[PDB]
């Protein structure tokens, strides 16, 4: 046994699964707003001998020897991270070790807050992330609501925008130590200057969690949270089009000096994590280099143009959009006007190889049947889709909604609806014909990555 054999020869069962997943990615219209297609070059680094190295600590201050090269790699990743976001190294630093977005946010809280200290984030149903402190009326869900004390802030339900007035009012009462400015499902730009004004008033730290918009910020196609935030976290796998990982950026130097750097780094290691994933660090450095180029600015501009074109095509077809439209990479569709909920539409669309996700809308009454869908442009933009192609995407979505509207007319419950899509041969024929046309269209576009896996 050498350990130099190929995957296709040594584990045919797993090789076939990898090929099947690649085929799914190539034949579908992937609209999940948080997905993208990582470059072959980044994946070549991800799947490398860097996986083998234990390097707990930080460059020059490791616990083990043999770190000469991973030191150089980690420091290069830091430099490319600051370069990608146009940050002066004397005013900003970055921790490139977080294993994903959720680890990054937990490390920030652990660095800057004591257990049971208070945080405020946008409520999950209103478009925030689990790690912004989510708990429900009946139990504590995110660990960020167990180890810390959270209170959400909300959209203004009439407008679909973050209610900055109510946030200010309730932060004066709750006295958060940290407020999170960032979203998983919000189509508008965040008023970071106002967020900072609230935080300065109540003496809270401002954390911007820019995971969804990070590449747009790097490409300078939307305003940067770094102009107003103390700390900025992100993932590397969304609009940044990298391998799955996290980053934490923090201010350093003169404010009296800043005191984030030592606390942030200590929280990541030794408090929370173990050995870094040097293969992920390397892949991230590759993608960060890509994000610095003119190619990536043009990609990011096309992401916005494509999201806008998707929004307009939906409005032209009588759909409604939460907040009335978009200013970023995604659109929040409200389907209740058309008479079909997001759980139903999501399933019909899945069966024709269009992947989206059901999304709660302002005013929704039940979670099992949310009113909306979240649709994103980053992934398909990476396949060189343009505006006209996203109009075809909406054409196909509308066909699927129409199919769903007929099945809803012949079915009672969410489970009846779902089996009907499989049982009724007349329904599964229309699904099959739509799926074939969907896959013919999607299969025709290029795809980043390896050829077959």
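Positions refer to the first chain, counted from 1.
- In terms of unmodelled positions of the deposited sequence, the stretch from residue 255 to residue 256 in this entry skips 4 to 9 residues.
- Relative to its counterpart among 439-447 and 7-15, 439-447 has the higher mean temperature factor, C-alpha atoms as listed in the PDB entry.
- When the C-alpha B-factors of 109-117 and 379-387 are averaged, 379-387 comes out higher.
- Among 57, 66, 404, 47, the highest C-alpha B-factor in the deposited entry belongs to 404.
- When the Cα B-factors of 129, 317, 154, 203 are read from the PDB record, 317 comes out highest.
- In the deposited entry, the Cα temperature factor of residue 149 sits in the bottom third of values across the chain's modelled residues.
- Among the modelled residues of its chain, residue 422 has a C-alpha B-factor that falls in the highest third according to the deposited record.
- Ranked against the other modelled residues of its chain, the C-alpha B-factor of residue 160 as given in the entry falls in the middle third.
- Residue-level temperature factors show residue 336 in the highest third of its chain, judged at the C-alpha atom.
- Per-chain ranking of the deposited C-alpha B factor places residue 137 in the middle third.
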